[PDB]
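Note: ideal-geometry Cβ built from the backbone for every residue, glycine included; neighbour counts use all protein chains shown. Bear in mind that the values in this text are calculations on the coordinates, not laboratory data.
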Amino acid sequence: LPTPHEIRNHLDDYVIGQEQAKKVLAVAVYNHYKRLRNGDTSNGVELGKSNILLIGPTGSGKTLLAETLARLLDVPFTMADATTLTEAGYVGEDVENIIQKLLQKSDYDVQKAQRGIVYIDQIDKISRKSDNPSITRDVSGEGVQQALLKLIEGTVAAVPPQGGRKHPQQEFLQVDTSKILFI
Amino acid sequence: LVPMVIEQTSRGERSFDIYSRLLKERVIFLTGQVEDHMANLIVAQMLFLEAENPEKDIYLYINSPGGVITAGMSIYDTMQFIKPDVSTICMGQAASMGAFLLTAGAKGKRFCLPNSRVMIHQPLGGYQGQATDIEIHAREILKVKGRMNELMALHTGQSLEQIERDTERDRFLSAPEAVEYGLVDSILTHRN
Ligand SMILES: Nc1ncnc2c1ncn2[C@@H]1O[C@H](COP(=O)(O)OP(=O)(O)OP(O)(O)=S)[C@@H](O)[C@H]1O
């Protein structure tokens, strides 16, 4: 039964001068645990999920907050990066890579992974270069954002568990994302 | 000096000069005396617009004290040859040749500002040499005077006899009188 004051006291030990940032995480963490705790068989149906966008100067401690949180957090946590992501199934990487990385921390537990938290770094790397809609395909940039839209709202993505043992299985495990939080 | 403006397009922002921006909208400026260089430049602009769009109206603003006849007659044939309707507007003044290009515009699309002024006279020339050579240049310039009156009557609708008497000497015509004379169609007082 964690509380914003208790969780903030723990985070305050590792971070200083980020009072505004800490409050946002405490509420989401407290609400997220509260949301999942609820059976959902009540008047409130399809409770909303508040995402988080951490913008700050260089070296201000953004990446550190996500790292310290996982130590105190019980539910699984994963820290990916949007540098390697490529849209349209290119050679670089796909967006599903984020989900399989979560299971590595969760030991391939679907019921326990949907309640996990996700973090992404260097999100500005995919912003358009202060231009109007492009005249060609931007694999890294405007294209990547289009793919993440449905993932943040909630959907099921194919993910080979453990990468797949051999040709025998040739299946993918559906992983809901409506409850997953994104930072 | 010429100021630069920015035209916003879907691809991006583009820097254009004030004269080139209006050229994109089928608008040409005729300023100063009509000479071989200024005339040959307008012809290329008219031809360029013909290929881009032959069905859109062209607007030609004229503010000039006139000039060489041969340079101006090349433009007159161009306006009549091409399919688009060349709308003409008189700003400030329109001399002998400037008036000829004004009336040569498309019927019903000729305008003159309320305070504009038109002036028309006969061709000017001269020669120095033997009497045999003077007679040749005199016969040639006389044909031009006759030819310029025939075309002036065609667009203005007046009779050749009337144009001959009014063009013997300088004749200034205000903007309202130009409408009554058939040279133009209306006046663009205000925007509607
Ligand atoms: N408030 C802080 N208290 C203590 N150490 C801090 C603090 N802020 C930053 N640091 C140090 O900065 C290191 C990296 O912090 P980051 O979270 O990476 O900062 P950053 O602005 O996120 O840099 P990016 O995200 O990679 S551009 C941490 O491992 C700490 O050693």
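Given the criteria more than 16 Å from the ligand (Cβ to nearest atom), of a type in the set (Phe, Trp, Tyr) and on the phi < 0 side of the Ramachandran plot, does A:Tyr33 qualify? Write out each step before concluding.
Values: more than 16 Å from the ligand (Cβ to nearest atom): yes; of a type in the set (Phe, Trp, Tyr): yes; on the phi < 0 side of the Ramachandran plot: yes.
Taking the combined requirement at face value, the residue satisfies it.
Of all residues in segment B:50-69, those satisfying the criterion of being more than 13 Å from the chain's Cα centre (by Cα) and farther than 23 Å from B:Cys112 by Cβ are B:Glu50, B:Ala51, B:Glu52, B:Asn53, B:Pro54, B:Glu55.
Taking the listed residues A:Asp138, A:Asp109, the one that is over 21 Å from A:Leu25 (Cβ atoms) and exposed (fewer than 15 other Cβ atoms within 10 Å of the Cβ) is A:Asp109, with no other qualifying.
Only one of A:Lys105, A:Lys125, A:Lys179 is among the basic types (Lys, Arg) and free of Cβ contacts under 8 Å to residues at least 40 places away in the same chain; which?
Working: A:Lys125 fails: free of Cβ contacts under 8 Å to residues at least 40 places away in the same chain; A:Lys179 fails: free of Cβ contacts under 8 Å to residues at least 40 places away in the same chain.
Testing whether each residue is among the basic types (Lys, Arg) and free of Cβ contacts under 8 Å to residues at least 40 places away in the same chain leaves just A:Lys105.
Got a number for residues in segment A:46-70 being of a type in the set (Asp, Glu) and farther than 17 Å from A:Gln122 by Cα? It would help to see each step written out before you state the result.
Narrowing segment A:46-70 to residues of a type in the set (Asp, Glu): A:46, A:67.
Checking the rest, the ones that are also farther than 17 Å from A:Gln122 by Cα come to A:46.
Number of matching residues: 1.
Grab the helices (runs of 4 or more DSSP H) fully contained in segment A:61-121, keeping just those with 2 or more residues being of a type outside the set (A, V, I, L, M) and either within 16 Å of the ligand (Cβ to nearest atom) or within 14 Å of chain B (Cβ to nearest Cβ) (or both). Quick ask: steps written out before the conclusion?
Numbers: elements: A:62-72, A:97-106, A:110-113.
Those helices (runs of 4 or more DSSP H) span A:62-72.
Report, by residue number, each residue of segment B:170-192 that is among the hydroxyl-bearing types (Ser, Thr, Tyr) and over 21 Å from B:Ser96 (Cβ atoms).
From segment B:170-192, those among the hydroxyl-bearing types (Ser, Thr, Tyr) are B:174, B:181, B:186, B:189; that's our starting set.
Of everything in segment B:170-192, those that are among the hydroxyl-bearing types (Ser, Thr, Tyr) and over 21 Å from B:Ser96 (Cβ atoms) turn out to be B:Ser186, B:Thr189.
Only residues that are assigned to a helix (DSSP H, G or I), away from the ligand (no atom under 16 Å from the Cβ) and hydrophobic (A, V, I, L, M, F, W, C) were counted across segment A:1-30, and they come to 5.
Within segment A:168-180, identify whether any single residue is assigned to a helix (DSSP H, G or I), loosely packed, with under 15 Cβ neighbours inside 10 Å and not polar (S, T, N, Q), and answer yes or no. Spell out the reasoning first.
Initial filter on segment A:168-180 (assigned to a helix (DSSP H, G or I)): none.
There is no residue in segment A:168-180 that is assigned to a helix (DSSP H, G or I), loosely packed, with under 15 Cβ neighbours inside 10 Å and not polar (S, T, N, Q).
Residues of segment B:29-57 that are surrounded by 11 or more Cβ atoms within 10 Å (Cβ to Cβ), farther than 16 Å from B:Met73 by Cα and among the acidic types (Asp, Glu): B:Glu50, B:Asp57.
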